[PDB]
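Text of entry.cif, listed as mmCIF, C-alpha atoms and all ligand atoms:
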data_final
loop_
_atom_site.group_PDB
_atom_site.id
_atom_site.type_symbol
_atom_site.label_atom_id
_atom_site.label_comp_id
_atom_site.auth_asym_id
_atom_site.auth_seq_id
_atom_site.Cartn_x
_atom_site.Cartn_y
_atom_site.Cartn_z
ATOM 1 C CA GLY A 1 -17.137 14.404 25.714
ATOM 2 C CA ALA A 2 -14.450 14.809 23.025
ATOM 3 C CA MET A 3 -16.657 13.491 20.140
ATOM 4 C CA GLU A 4 -19.457 16.084 20.548
ATOM 5 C CA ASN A 5 -17.113 18.319 18.451
ATOM 6 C CA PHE A 6 -17.607 16.029 15.369
ATOM 7 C CA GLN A 7 -20.871 15.709 13.377
ATOM 8 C CA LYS A 8 -21.061 12.427 11.389
ATOM 9 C CA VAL A 9 -22.036 13.077 7.713
ATOM 10 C CA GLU A 10 -21.783 9.626 6.074
ATOM 11 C CA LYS A 11 -20.030 6.256 6.289
ATOM 12 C CA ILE A 12 -16.943 6.062 4.038
ATOM 13 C CA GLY A 13 -15.914 2.487 4.691
ATOM 14 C CA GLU A 14 -14.475 -0.219 6.904
ATOM 15 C CA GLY A 15 -10.727 -0.390 7.520
ATOM 16 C CA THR A 16 -8.492 -3.070 9.032
ATOM 17 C CA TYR A 17 -8.928 -1.764 12.615
ATOM 18 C CA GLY A 18 -12.131 0.298 12.499
ATOM 19 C CA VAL A 19 -14.927 2.140 10.733
ATOM 20 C CA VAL A 20 -14.225 5.376 8.804
ATOM 21 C CA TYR A 21 -16.829 8.201 8.636
ATOM 22 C CA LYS A 22 -16.941 11.521 6.807
ATOM 23 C CA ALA A 23 -17.406 14.134 9.558
ATOM 24 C CA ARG A 24 -17.630 17.879 10.238
ATOM 25 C CA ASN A 25 -15.550 19.430 13.025
ATOM 26 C CA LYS A 26 -17.995 21.860 14.677
ATOM 27 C CA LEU A 27 -15.346 24.146 16.287
ATOM 28 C CA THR A 28 -13.018 24.571 13.245
ATOM 29 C CA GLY A 29 -15.554 23.868 10.438
ATOM 30 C CA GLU A 30 -13.144 21.349 8.809
ATOM 31 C CA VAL A 31 -14.444 18.330 6.863
ATOM 32 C CA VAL A 32 -12.486 15.208 7.930
ATOM 33 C CA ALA A 33 -12.276 11.410 7.677
ATOM 34 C CA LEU A 34 -12.733 10.019 11.203
ATOM 35 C CA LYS A 35 -11.489 6.486 11.995
ATOM 36 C CA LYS A 36 -12.989 4.952 15.174
ATOM 37 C CA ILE A 37 -10.996 1.962 16.584
ATOM 38 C CA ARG A 38 -12.442 -0.060 19.499
ATOM 39 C CA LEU A 39 -9.687 -0.634 22.121
ATOM 40 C CA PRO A 40 -2.513 -0.430 24.722
ATOM 41 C CA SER A 41 0.102 2.149 25.869
ATOM 42 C CA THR A 42 2.811 1.342 23.254
ATOM 43 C CA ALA A 43 0.279 1.668 20.375
ATOM 44 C CA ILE A 44 -0.876 5.135 21.624
ATOM 45 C CA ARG A 45 2.755 6.423 21.698
ATOM 46 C CA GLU A 46 3.606 5.004 18.242
ATOM 47 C CA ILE A 47 0.404 6.349 16.627
ATOM 48 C CA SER A 48 0.774 9.787 18.299
ATOM 49 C CA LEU A 49 4.268 10.118 16.693
ATOM 50 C CA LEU A 50 2.618 9.824 13.215
ATOM 51 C CA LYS A 51 1.218 13.368 13.726
ATOM 52 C CA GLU A 52 4.796 14.567 12.939
ATOM 53 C CA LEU A 53 5.191 12.302 9.821
ATOM 54 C CA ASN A 54 3.945 14.961 7.385
ATOM 55 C CA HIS A 55 4.408 14.999 3.592
ATOM 56 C CA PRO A 56 2.202 16.114 0.612
ATOM 57 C CA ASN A 57 1.827 12.444 -0.523
ATOM 58 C CA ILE A 58 0.887 11.112 2.957
ATOM 59 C CA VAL A 59 -2.705 11.433 4.172
ATOM 60 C CA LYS A 60 -2.501 14.104 6.920
ATOM 61 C CA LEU A 61 -3.158 12.778 10.464
ATOM 62 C CA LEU A 62 -4.792 15.852 12.034
ATOM 63 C CA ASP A 63 -5.363 14.427 15.535
ATOM 64 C CA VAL A 64 -5.313 11.370 17.776
ATOM 65 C CA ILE A 65 -8.030 11.193 20.469
ATOM 66 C CA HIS A 66 -7.894 8.423 23.101
ATOM 67 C CA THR A 67 -11.216 8.336 25.028
ATOM 68 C CA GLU A 68 -13.955 5.946 26.339
ATOM 69 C CA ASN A 69 -12.026 2.729 25.423
ATOM 70 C CA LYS A 70 -11.685 3.976 21.791
ATOM 71 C CA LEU A 71 -8.969 5.512 19.638
ATOM 72 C CA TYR A 72 -10.093 8.115 17.095
ATOM 73 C CA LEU A 73 -7.768 9.087 14.246
ATOM 74 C CA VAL A 74 -8.790 12.317 12.502
ATOM 75 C CA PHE A 75 -7.528 12.384 8.876
ATOM 76 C CA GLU A 76 -7.760 14.897 6.022
ATOM 77 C CA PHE A 77 -10.645 14.101 3.661
ATOM 78 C CA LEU A 78 -10.023 13.031 0.040
ATOM 79 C CA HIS A 79 -12.375 12.360 -2.896
ATOM 80 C CA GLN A 80 -11.917 8.603 -3.473
ATOM 81 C CA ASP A 81 -9.479 5.656 -3.555
ATOM 82 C CA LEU A 82 -7.420 4.230 -6.423
ATOM 83 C CA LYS A 83 -9.474 0.973 -6.350
ATOM 84 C CA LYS A 84 -12.640 2.854 -7.385
ATOM 85 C CA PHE A 85 -10.690 4.803 -10.043
ATOM 86 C CA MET A 86 -9.247 1.565 -11.493
ATOM 87 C CA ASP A 87 -12.725 -0.081 -11.517
ATOM 88 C CA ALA A 88 -14.193 3.051 -13.206
ATOM 89 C CA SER A 89 -11.298 2.980 -15.771
ATOM 90 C CA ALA A 90 -11.702 -0.773 -16.636
ATOM 91 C CA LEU A 91 -12.925 -0.357 -20.265
ATOM 92 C CA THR A 92 -10.277 2.247 -21.300
ATOM 93 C CA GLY A 93 -7.380 2.048 -18.759
ATOM 94 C CA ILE A 94 -5.721 4.814 -16.733
ATOM 95 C CA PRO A 95 -3.613 6.848 -19.253
ATOM 96 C CA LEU A 96 0.155 6.168 -19.014
ATOM 97 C CA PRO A 97 1.027 9.803 -18.050
ATOM 98 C CA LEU A 98 -1.368 9.581 -15.071
ATOM 99 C CA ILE A 99 -0.025 6.106 -14.040
ATOM 100 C CA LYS A 100 3.470 7.646 -14.163
ATOM 101 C CA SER A 101 2.430 10.755 -12.158
ATOM 102 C CA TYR A 102 0.809 8.581 -9.497
ATOM 103 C CA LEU A 103 3.779 6.178 -9.215
ATOM 104 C CA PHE A 104 6.170 9.183 -9.005
ATOM 105 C CA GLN A 105 4.101 10.746 -6.207
ATOM 106 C CA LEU A 106 3.761 7.470 -4.284
ATOM 107 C CA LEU A 107 7.532 6.917 -4.494
ATOM 108 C CA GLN A 108 8.049 10.394 -2.956
ATOM 109 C CA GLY A 109 5.706 9.418 -0.110
ATOM 110 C CA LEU A 110 7.609 6.161 0.462
ATOM 111 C CA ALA A 111 11.028 7.898 0.231
ATOM 112 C CA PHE A 112 9.946 10.344 2.956
ATOM 113 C CA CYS A 113 8.548 7.728 5.379
ATOM 114 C CA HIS A 114 11.460 5.323 4.724
ATOM 115 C CA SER A 115 13.953 8.159 5.471
ATOM 116 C CA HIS A 116 12.367 8.278 8.982
ATOM 117 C CA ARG A 117 12.456 4.419 9.245
ATOM 118 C CA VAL A 118 8.618 4.074 9.156
ATOM 119 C CA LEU A 119 7.131 1.215 7.073
ATOM 120 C CA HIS A 120 3.566 0.980 5.772
ATOM 121 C CA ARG A 121 3.598 -2.876 5.470
ATOM 122 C CA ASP A 122 0.074 -3.170 3.951
ATOM 123 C CA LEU A 123 0.017 -1.075 0.779
ATOM 124 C CA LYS A 124 -2.926 -1.805 -1.521
ATOM 125 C CA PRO A 125 -5.187 0.247 -3.888
ATOM 126 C CA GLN A 126 -7.718 0.973 -1.057
ATOM 127 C CA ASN A 127 -4.885 2.750 0.891
ATOM 128 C CA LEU A 128 -4.089 5.093 -2.062
ATOM 129 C CA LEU A 129 -6.392 8.136 -2.013
ATOM 130 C CA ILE A 130 -6.842 10.668 -4.845
ATOM 131 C CA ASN A 131 -8.253 14.188 -5.353
ATOM 132 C CA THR A 132 -9.629 15.942 -8.477
ATOM 133 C CA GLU A 133 -6.389 18.015 -8.935
ATOM 134 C CA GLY A 134 -4.088 15.046 -9.728
ATOM 135 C CA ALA A 135 -2.613 14.292 -6.280
ATOM 136 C CA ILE A 136 -2.381 10.795 -4.786
ATOM 137 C CA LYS A 137 -1.631 10.075 -1.102
ATOM 138 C CA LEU A 138 -0.807 7.020 1.066
ATOM 139 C CA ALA A 139 -3.346 6.256 3.855
ATOM 140 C CA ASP A 140 -2.769 4.090 7.000
ATOM 141 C CA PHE A 141 1.030 4.693 7.048
ATOM 142 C CA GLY A 142 2.567 3.455 10.346
ATOM 143 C CA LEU A 143 -0.543 1.676 11.731
ATOM 144 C CA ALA A 144 0.948 -1.814 11.116
ATOM 145 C CA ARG A 145 3.884 -1.155 13.527
ATOM 146 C CA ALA A 146 1.368 -0.011 16.192
ATOM 147 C CA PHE A 147 -1.232 -2.832 15.839
ATOM 148 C CA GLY A 148 0.217 -5.549 13.570
ATOM 149 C CA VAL A 149 -1.368 -6.786 10.338
ATOM 150 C CA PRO A 150 -4.125 -9.280 11.251
ATOM 151 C CA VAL A 151 -5.402 -12.235 9.186
ATOM 152 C CA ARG A 152 -8.942 -10.748 9.266
ATOM 153 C CA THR A 153 -10.208 -7.166 9.785
ATOM 154 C CA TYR A 154 -12.452 -5.978 12.686
ATOM 155 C CA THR A 155 -15.478 -7.040 10.479
ATOM 156 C CA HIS A 156 -13.918 -10.511 9.742
ATOM 157 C CA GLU A 157 -13.015 -9.509 6.132
ATOM 158 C CA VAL A 158 -9.934 -11.244 4.683
ATOM 159 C CA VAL A 159 -6.856 -8.967 4.681
ATOM 160 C CA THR A 160 -5.571 -9.255 1.100
ATOM 161 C CA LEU A 161 -2.299 -11.104 0.383
ATOM 162 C CA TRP A 162 -2.013 -9.802 -3.201
ATOM 163 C CA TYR A 163 0.587 -7.112 -2.424
ATOM 164 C CA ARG A 164 2.572 -9.029 0.222
ATOM 165 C CA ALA A 165 6.351 -9.344 -0.259
ATOM 166 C CA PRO A 166 7.819 -12.871 -0.537
ATOM 167 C CA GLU A 167 10.072 -12.400 2.541
ATOM 168 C CA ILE A 168 6.913 -11.870 4.663
ATOM 169 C CA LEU A 169 5.301 -14.989 3.122
ATOM 170 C CA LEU A 170 8.496 -17.033 3.801
ATOM 171 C CA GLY A 171 8.349 -16.064 7.492
ATOM 172 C CA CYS A 172 10.944 -13.302 7.952
ATOM 173 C CA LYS A 173 10.102 -11.577 11.265
ATOM 174 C CA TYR A 174 12.137 -8.408 10.569
ATOM 175 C CA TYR A 175 10.618 -6.361 7.713
ATOM 176 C CA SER A 176 12.732 -3.830 5.772
ATOM 177 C CA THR A 177 11.478 -0.808 3.776
ATOM 178 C CA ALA A 178 11.723 -3.055 0.675
ATOM 179 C CA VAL A 179 8.354 -4.665 1.602
ATOM 180 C CA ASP A 180 6.613 -1.420 0.507
ATOM 181 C CA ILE A 181 8.529 -1.280 -2.807
ATOM 182 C CA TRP A 182 7.284 -4.802 -3.577
ATOM 183 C CA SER A 183 3.668 -3.799 -2.860
ATOM 184 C CA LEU A 184 3.928 -0.641 -4.968
ATOM 185 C CA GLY A 185 5.437 -2.682 -7.857
ATOM 186 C CA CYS A 186 2.410 -4.991 -7.749
ATOM 187 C CA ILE A 187 0.096 -1.929 -7.798
ATOM 188 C CA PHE A 188 2.061 -0.415 -10.748
ATOM 189 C CA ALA A 189 1.564 -3.658 -12.745
ATOM 190 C CA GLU A 190 -2.172 -3.648 -11.923
ATOM 191 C CA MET A 191 -2.666 -0.036 -13.084
ATOM 192 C CA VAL A 192 -0.956 -0.906 -16.412
ATOM 193 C CA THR A 193 -2.684 -4.246 -17.174
ATOM 194 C CA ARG A 194 -6.081 -3.616 -15.467
ATOM 195 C CA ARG A 195 -5.768 -6.934 -13.593
ATOM 196 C CA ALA A 196 -4.109 -7.932 -10.288
ATOM 197 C CA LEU A 197 -0.572 -9.267 -10.774
ATOM 198 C CA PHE A 198 -0.619 -11.972 -8.065
ATOM 199 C CA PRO A 199 -4.250 -12.447 -6.857
ATOM 200 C CA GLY A 200 -3.517 -15.216 -4.271
ATOM 201 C CA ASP A 201 -6.247 -16.622 -1.995
ATOM 202 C CA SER A 202 -3.959 -18.244 0.625
ATOM 203 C CA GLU A 203 -0.306 -17.862 1.676
ATOM 204 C CA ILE A 204 0.861 -20.809 -0.470
ATOM 205 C CA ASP A 205 -1.298 -19.742 -3.448
ATOM 206 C CA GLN A 206 0.240 -16.245 -3.150
ATOM 207 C CA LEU A 207 3.798 -17.671 -3.032
ATOM 208 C CA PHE A 208 3.249 -20.064 -5.957
ATOM 209 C CA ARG A 209 1.688 -17.277 -8.093
ATOM 210 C CA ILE A 210 4.833 -15.210 -7.470
ATOM 211 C CA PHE A 211 7.047 -18.230 -8.308
ATOM 212 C CA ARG A 212 5.137 -19.070 -11.550
ATOM 213 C CA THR A 213 5.888 -15.545 -12.933
ATOM 214 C CA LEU A 214 9.295 -14.632 -11.439
ATOM 215 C CA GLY A 215 10.738 -18.177 -11.126
ATOM 216 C CA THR A 216 11.068 -20.213 -7.924
ATOM 217 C CA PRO A 217 13.764 -18.383 -5.908
ATOM 218 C CA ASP A 218 17.058 -20.140 -5.123
ATOM 219 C CA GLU A 219 20.449 -19.310 -3.585
ATOM 220 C CA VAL A 220 21.711 -17.767 -6.917
ATOM 221 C CA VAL A 221 19.130 -14.924 -6.967
ATOM 222 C CA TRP A 222 18.441 -14.710 -3.181
ATOM 223 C CA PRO A 223 21.238 -15.701 -0.746
ATOM 224 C CA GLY A 224 19.775 -17.290 2.390
ATOM 225 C CA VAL A 225 16.307 -18.027 0.867
ATOM 226 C CA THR A 226 16.578 -21.799 1.423
ATOM 227 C CA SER A 227 17.151 -21.174 5.205
ATOM 228 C CA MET A 228 14.039 -18.997 5.711
ATOM 229 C CA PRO A 229 11.433 -20.288 8.282
ATOM 230 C CA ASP A 230 8.631 -21.235 5.852
ATOM 231 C CA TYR A 231 10.875 -22.252 2.922
ATOM 232 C CA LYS A 232 10.389 -25.927 1.930
ATOM 233 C CA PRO A 233 12.759 -27.788 -0.498
ATOM 234 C CA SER A 234 9.581 -29.421 -1.882
ATOM 235 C CA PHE A 235 8.467 -26.120 -3.553
ATOM 236 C CA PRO A 236 8.016 -26.762 -7.326
ATOM 237 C CA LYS A 237 10.777 -25.212 -9.484
ATOM 238 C CA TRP A 238 9.096 -22.918 -12.027
ATOM 239 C CA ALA A 239 11.054 -20.998 -14.682
ATOM 240 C CA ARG A 240 11.010 -17.179 -14.851
ATOM 241 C CA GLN A 241 8.754 -15.453 -17.443
ATOM 242 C CA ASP A 242 9.738 -12.481 -19.667
ATOM 243 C CA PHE A 243 8.388 -9.095 -18.434
ATOM 244 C CA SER A 244 7.213 -8.378 -21.997
ATOM 245 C CA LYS A 245 4.540 -11.077 -21.295
ATOM 246 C CA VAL A 246 3.657 -9.898 -17.750
ATOM 247 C CA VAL A 247 2.961 -6.137 -18.307
ATOM 248 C CA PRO A 248 2.265 -5.435 -22.009
ATOM 249 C CA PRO A 249 2.202 -2.839 -23.568
ATOM 250 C CA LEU A 250 4.481 -1.110 -20.994
ATOM 251 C CA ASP A 251 7.731 0.343 -22.427
ATOM 252 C CA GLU A 252 11.275 -0.852 -21.573
ATOM 253 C CA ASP A 253 11.864 1.972 -19.004
ATOM 254 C CA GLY A 254 8.653 0.897 -17.196
ATOM 255 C CA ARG A 255 9.564 -2.818 -17.410
ATOM 256 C CA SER A 256 13.117 -2.069 -16.142
ATOM 257 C CA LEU A 257 11.723 -0.172 -13.141
ATOM 258 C CA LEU A 258 9.074 -2.819 -12.371
ATOM 259 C CA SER A 259 11.641 -5.665 -12.561
ATOM 260 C CA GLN A 260 13.862 -3.819 -10.028
ATOM 261 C CA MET A 261 10.839 -3.261 -7.703
ATOM 262 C CA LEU A 262 10.116 -7.036 -7.800
ATOM 263 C CA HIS A 263 13.646 -8.382 -7.074
ATOM 264 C CA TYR A 264 13.375 -11.361 -4.708
ATOM 265 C CA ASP A 265 16.271 -10.319 -2.502
ATOM 266 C CA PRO A 266 15.167 -7.279 -0.357
ATOM 267 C CA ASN A 267 18.805 -6.074 -0.411
ATOM 268 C CA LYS A 268 18.773 -5.990 -4.246
ATOM 269 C CA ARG A 269 15.251 -4.461 -4.572
ATOM 270 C CA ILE A 270 15.342 -0.807 -5.702
ATOM 271 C CA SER A 271 14.875 1.847 -2.983
ATOM 272 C CA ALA A 272 12.186 4.548 -3.242
ATOM 273 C CA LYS A 273 14.955 7.191 -3.581
ATOM 274 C CA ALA A 274 16.688 5.284 -6.402
ATOM 275 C CA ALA A 275 13.346 4.643 -8.136
ATOM 276 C CA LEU A 276 12.689 8.435 -8.295
ATOM 277 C CA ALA A 277 15.930 8.851 -10.332
ATOM 278 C CA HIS A 278 14.915 6.067 -12.800
ATOM 279 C CA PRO A 279 14.710 7.146 -16.551
ATOM 280 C CA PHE A 280 10.971 6.145 -16.602
ATOM 281 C CA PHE A 281 10.342 9.469 -14.781
ATOM 282 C CA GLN A 282 12.276 11.743 -17.224
ATOM 283 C CA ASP A 283 9.046 12.929 -18.987
ATOM 284 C CA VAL A 284 6.795 12.851 -15.847
ATOM 285 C CA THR A 285 3.931 15.397 -15.667
ATOM 286 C CA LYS A 286 0.892 16.019 -13.376
ATOM 287 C CA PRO A 287 -2.322 15.401 -15.415
ATOM 288 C CA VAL A 288 -5.832 16.112 -14.044
ATOM 289 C CA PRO A 289 -7.830 12.799 -13.822
ATOM 290 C CA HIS A 290 -11.352 12.017 -15.149
ATOM 291 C CA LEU A 291 -13.368 11.459 -11.912
HETATM 292 O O1 LIG B 301 -16.781 2.139 -3.075
HETATM 293 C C1 LIG B 301 -16.429 3.413 -3.612
HETATM 294 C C2 LIG B 301 -16.478 4.411 -2.501
HETATM 295 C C3 LIG B 301 -17.521 4.682 -1.609
HETATM 296 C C4 LIG B 301 -17.101 5.658 -0.768
HETATM 297 N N1 LIG B 301 -15.843 5.995 -1.153
HETATM 298 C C5 LIG B 301 -14.970 6.912 -0.568
HETATM 299 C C6 LIG B 301 -15.436 8.071 0.053
HETATM 300 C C7 LIG B 301 -14.539 8.948 0.635
HETATM 301 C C8 LIG B 301 -13.175 8.673 0.615
HETATM 302 N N2 LIG B 301 -12.309 9.589 1.228
HETATM 303 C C9 LIG B 301 -11.398 9.279 2.252
HETATM 304 C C10 LIG B 301 -11.243 8.017 2.849
HETATM 305 C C11 LIG B 301 -10.297 7.803 3.839
HETATM 306 N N3 LIG B 301 -10.136 6.590 4.388
HETATM 307 C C12 LIG B 301 -9.202 6.395 5.307
HETATM 308 O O2 LIG B 301 -9.029 5.186 5.867
HETATM 309 C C13 LIG B 301 -9.224 3.972 5.169
HETATM 310 C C14 LIG B 301 -8.323 3.896 3.916
HETATM 311 C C15 LIG B 301 -8.291 2.468 3.389
HETATM 312 N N4 LIG B 301 -7.884 1.543 4.440
HETATM 313 C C16 LIG B 301 -8.741 1.560 5.626
HETATM 314 C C17 LIG B 301 -8.781 2.950 6.215
HETATM 315 C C18 LIG B 301 -8.378 7.435 5.775
HETATM 316 C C19 LIG B 301 -8.528 8.702 5.267
HETATM 317 C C20 LIG B 301 -9.497 8.912 4.262
HETATM 318 C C21 LIG B 301 -9.720 10.146 3.644
HETATM 319 N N5 LIG B 301 -10.629 10.288 2.687
HETATM 320 C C22 LIG B 301 -12.721 7.516 -0.013
HETATM 321 F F1 LIG B 301 -11.418 7.207 -0.057
HETATM 322 C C23 LIG B 301 -13.605 6.642 -0.580
HETATM 323 N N6 LIG B 301 -15.491 5.180 -2.223
#

Could you express the structure from this file as structure tokens?
Amino acid sequence: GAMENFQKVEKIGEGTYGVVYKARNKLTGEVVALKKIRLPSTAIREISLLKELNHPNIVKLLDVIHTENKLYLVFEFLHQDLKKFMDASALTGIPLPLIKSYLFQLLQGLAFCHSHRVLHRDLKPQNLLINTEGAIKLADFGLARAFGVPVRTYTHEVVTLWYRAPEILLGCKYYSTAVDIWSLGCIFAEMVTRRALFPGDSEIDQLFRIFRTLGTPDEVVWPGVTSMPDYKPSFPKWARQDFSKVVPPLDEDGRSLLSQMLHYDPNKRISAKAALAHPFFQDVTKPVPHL
């Protein structure tokens, strides 16, 4: 069949929807990352369109193969993920110029996809892939619109809530591009501090962690919040903390940017385009990482 063209080399990992292998294309000679999803007509159309969603900071979708009750997604191969790099950099920290380069690149990736009205909806360090040159790329872009974001993965692993926007947690059915800015803000904070910003272990724990740092949202900061489906007037009313406490020793340009990425109101939250123009990026460079 179709899959006799790919030689499996090694197992990379386990995604939300299926297993990912390093593989060799026998006809072209290319080394690829092959995602195998066990199987929907609408999903096939939506995923096939992602072959056109091409940008240097988006993991290249080389092909989509629907065969034998399975969907194979053939991706470009990269060295490792940001999670491994952050774990490896725990003692010393990722240098600020490299954090800045990576955030700048990821914002370009978001600005591109958002310009075509495609959301990621499940950004997290495991979906950010790096090479030895200094590039970083977003993996799994567009798969959430095709399949949804489940509670558990295909292996029953808990899908993390740590990067989930508060509008999603409060039960908004209609997600804007702002949900990805929220997630990337949380990732930015984690790179700087070497600890997850909001490591919640349930929906309410996630919400209350957000509230304990940013203040419990009300009608002043977020018009309509008190009418949202999963909003309860019984939520405790926590005061907002200073960003100087949350992400030390990050400078005022970095804190300004982060604060705008974590605005409660999706309509007030900074866009990817606007974030690229932020003064934080005035001295941005492209360093080569220690991998
Ligand atoms: O524990 C440390 C360790 C062990 C092995 N590695 C590791 C080896 C190779 C790669 N390269 C890679 C992986 C990809 N993965 C994709 O999909 C998954 C992304 C996350 N969400 C689920 C789907 C898509 C395209 C990919 C392209 N290259 C790597 F990233 C890590 N790291």

Practice prompt. Name the residues that the PyMOL selection byres (((chain A and resi 155-167) around 7) and not hetatm) picks from the file above, as a VMD selection string, using the file's chain letters and numbers.
Written response: chain A and resid 123 to 124 151 to 154 168 to 172 179 182 to 183 186 198 to 200 206 to 207

Check which residues satisfy the PyMOL selection byres (((not hetatm)) within 6 of (chain B and resi 301)) in the file shown, then give them as a PDB file with C-alpha atoms, keeping the file's coordinate frame.
ATOM      1  CA  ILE A  12     -16.943   6.062   4.038  1.00  0.00           C
ATOM      2  CA  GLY A  15     -10.727  -0.390   7.520  1.00  0.00           C
ATOM      3  CA  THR A  16      -8.492  -3.070   9.032  1.00  0.00           C
ATOM      4  CA  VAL A  20     -14.225   5.376   8.804  1.00  0.00           C
ATOM      5  CA  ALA A  33     -12.276  11.410   7.677  1.00  0.00           C
ATOM      6  CA  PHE A  75      -7.528  12.384   8.876  1.00  0.00           C
ATOM      7  CA  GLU A  76      -7.760  14.897   6.022  1.00  0.00           C
ATOM      8  CA  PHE A  77     -10.645  14.101   3.661  1.00  0.00           C
ATOM      9  CA  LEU A  78     -10.023  13.031   0.040  1.00  0.00           C
ATOM     10  CA  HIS A  79     -12.375  12.360  -2.896  1.00  0.00           C
ATOM     11  CA  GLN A  80     -11.917   8.603  -3.473  1.00  0.00           C
ATOM     12  CA  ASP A  81      -9.479   5.656  -3.555  1.00  0.00           C
ATOM     13  CA  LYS A  84     -12.640   2.854  -7.385  1.00  0.00           C
ATOM     14  CA  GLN A 126      -7.718   0.973  -1.057  1.00  0.00           C
ATOM     15  CA  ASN A 127      -4.885   2.750   0.891  1.00  0.00           C
ATOM     16  CA  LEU A 129      -6.392   8.136  -2.013  1.00  0.00           C
ATOM     17  CA  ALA A 139      -3.346   6.256   3.855  1.00  0.00           C
TER      18      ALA A 139
END

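Taking atom CA of residue 10 of chain A and atom CA of residue 137 of chain A as the two end points, the separation is 21.4 Å.
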
If you count only C-alpha atoms, the residue of A:214, A:258, A:27, A:135 closest to residue 239 of chain A turns out to be A:214

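Across the model, the gap from atom CA of residue 208 of chain A to atom CA of residue 246 of chain A is 15.6 Å.
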
| request: Would you be able to write out as a ChimeraX atom specification which residues have an atom within 12 Å of (5.6, -17.4, -12.1) in the file's coordinates, counting only C-alpha atoms? | output: /A:197-198,205-217,236-243,245-246

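Of the residues under consideration (A:203, A:46, A:180, A:218), A:46 shows the shortest atom-to-atom contact distance to residue 145 of chain A when counting only C-alpha atoms.
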
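Applied to the file shown here, the PyMOL selection byres (((chain A and resi 268-282) around 6) and not hetatm) selects the residues residues 107, 111, 253, 254, 260, 261, 263, 265, 266, 267, 283 and 284 of chain A.
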
Of A:6, A:174, A:17, A:235, the one nearest to residue 30 of chain A when counting only C-alpha atoms is A:6

With all atoms listed in the file as the counted atoms, please give the residues lying no more than 10 Å from residue 103 of chain A, apart from itself and same-chain residues fewer than 5 positions off, as a list in words.
residues 97, 98, 108, 109, 136, 184, 185, 187, 188, 191, 275, 276, 281 and 284 of chain A

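Minimum atom-to-atom distances from A:69, A:57, A:227, A:92 to residue 131 of chain A were compared using only C-alpha atoms, and the lowest value belongs to A:57.
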
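Atom CA of residue 138 of chain A lies 12.9 Å from atom CA of residue 83 of chain A.
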
Grab all the atoms of segment 25-43 of chain A that the file lists, wrap them in a box along x, y and z, add 6 Å per side, and give me centre plus edge lengths in Å (one decimal) as AutoDock Vina command-line options.
--center_x -7.6 --center_y 12.0 --center_z 16.4 --size_x 32.8 --size_y 37.2 --size_z 31.0

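Minimum atom-to-atom distance to residue 264 of chain A, evaluated using only C-alpha atoms, belongs to A:219 out of A:230, A:219, A:4, A:140.
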
Can you sort out segment 208-216 of chain A so it carries N, CA, C and O atoms, written as a PDB file, in the coordinates of the input?
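Contents of selection-v2.pdb, as written:
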ATOM      1  N   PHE A 208       3.155 -19.357  -4.673  1.00  0.00           N
ATOM      2  CA  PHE A 208       3.249 -20.064  -5.957  1.00  0.00           C
ATOM      3  C   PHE A 208       2.893 -19.205  -7.179  1.00  0.00           C
ATOM      4  O   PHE A 208       3.495 -19.380  -8.236  1.00  0.00           O
ATOM      5  N   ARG A 209       1.961 -18.263  -7.029  1.00  0.00           N
ATOM      6  CA  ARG A 209       1.688 -17.277  -8.093  1.00  0.00           C
ATOM      7  C   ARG A 209       2.910 -16.419  -8.391  1.00  0.00           C
ATOM      8  O   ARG A 209       3.254 -16.210  -9.555  1.00  0.00           O
ATOM      9  N   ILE A 210       3.574 -15.966  -7.339  1.00  0.00           N
ATOM     10  CA  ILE A 210       4.833 -15.210  -7.470  1.00  0.00           C
ATOM     11  C   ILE A 210       5.890 -16.074  -8.177  1.00  0.00           C
ATOM     12  O   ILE A 210       6.525 -15.618  -9.121  1.00  0.00           O
ATOM     13  N   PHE A 211       6.052 -17.318  -7.727  1.00  0.00           N
ATOM     14  CA  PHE A 211       7.047 -18.230  -8.308  1.00  0.00           C
ATOM     15  C   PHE A 211       6.788 -18.553  -9.787  1.00  0.00           C
ATOM     16  O   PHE A 211       7.735 -18.627 -10.571  1.00  0.00           O
ATOM     17  N   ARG A 212       5.514 -18.747 -10.160  1.00  0.00           N
ATOM     18  CA  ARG A 212       5.137 -19.070 -11.550  1.00  0.00           C
ATOM     19  C   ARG A 212       5.475 -17.952 -12.560  1.00  0.00           C
ATOM     20  O   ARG A 212       5.694 -18.239 -13.736  1.00  0.00           O
ATOM     21  N   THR A 213       5.536 -16.703 -12.096  1.00  0.00           N
ATOM     22  CA  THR A 213       5.888 -15.545 -12.933  1.00  0.00           C
ATOM     23  C   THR A 213       7.370 -15.188 -12.870  1.00  0.00           C
ATOM     24  O   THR A 213       8.002 -14.986 -13.913  1.00  0.00           O
ATOM     25  N   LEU A 214       7.905 -15.074 -11.656  1.00  0.00           N
ATOM     26  CA  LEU A 214       9.295 -14.632 -11.439  1.00  0.00           C
ATOM     27  C   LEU A 214      10.338 -15.749 -11.316  1.00  0.00           C
ATOM     28  O   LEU A 214      11.536 -15.456 -11.218  1.00  0.00           O
ATOM     29  N   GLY A 215       9.888 -17.007 -11.329  1.00  0.00           N
ATOM     30  CA  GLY A 215      10.738 -18.177 -11.126  1.00  0.00           C
ATOM     31  C   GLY A 215      10.780 -18.519  -9.656  1.00  0.00           C
ATOM     32  O   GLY A 215      10.712 -17.632  -8.817  1.00  0.00           O
ATOM     33  N   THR A 216      10.901 -19.806  -9.329  1.00  0.00           N
ATOM     34  CA  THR A 216      11.068 -20.213  -7.924  1.00  0.00           C
ATOM     35  C   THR A 216      12.443 -19.710  -7.462  1.00  0.00           C
ATOM     36  O   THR A 216      13.440 -19.959  -8.158  1.00  0.00           O
TER      37      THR A 216
END
